[PDB]
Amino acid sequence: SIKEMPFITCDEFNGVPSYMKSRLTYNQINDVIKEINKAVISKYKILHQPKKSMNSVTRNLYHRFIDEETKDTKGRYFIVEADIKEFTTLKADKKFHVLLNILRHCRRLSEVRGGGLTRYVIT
């Protein structure tokens, strides 16, 4: 029952301010949403995995996921930049943070900081 980010619609996309849209095409934003969802699912499948079934690489990820929990993330779904790198071939560059800003505007994610870490909380 892992939480996924819904695709942006025609109406929604036409309604985000022009300067944000910039270079970014409509399929571009939705393609990125697919990849972010892939990372969310990958992370949370590991979290829900029986610990005795974990190999060394999975346990190391599991440990990092636990290190990144806070009281503000309890019962919520989030990823960080390392997850994008771990589970996707998405480049976390300038265009990517521009993309993230459209996602925040369309209320698909928000940010939980602290511990010097930016967490992207789904929804």
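Residue positions are given as counts along the sequence shown, with the first one as 1.
Q: Taking the recorded C-alpha temperature factors, which stretch has the higher mean, 33-41 or 48-56?
A: The stretch with the larger average C-alpha B-factor is 48-56.
Q: Look over 20-28 and 5-13 in the entry and identify the one with the greater average Cα temperature factor.
A: According to the PDB entry, the answer is 20-28.
Q: Using the entry's values, work out which of 63, 76, 85, 71 has the largest Cα B factor.
A: Among 63, 76, 85, 71, the highest C-alpha B-factor in the entry belongs to 71.
Q: Comparing residue 104 with the other modelled residues of its chain, is its CA B-factor in the lowest, middle or highest third?
A: Its C-alpha B-factor belongs to the middle third of this chain's values.
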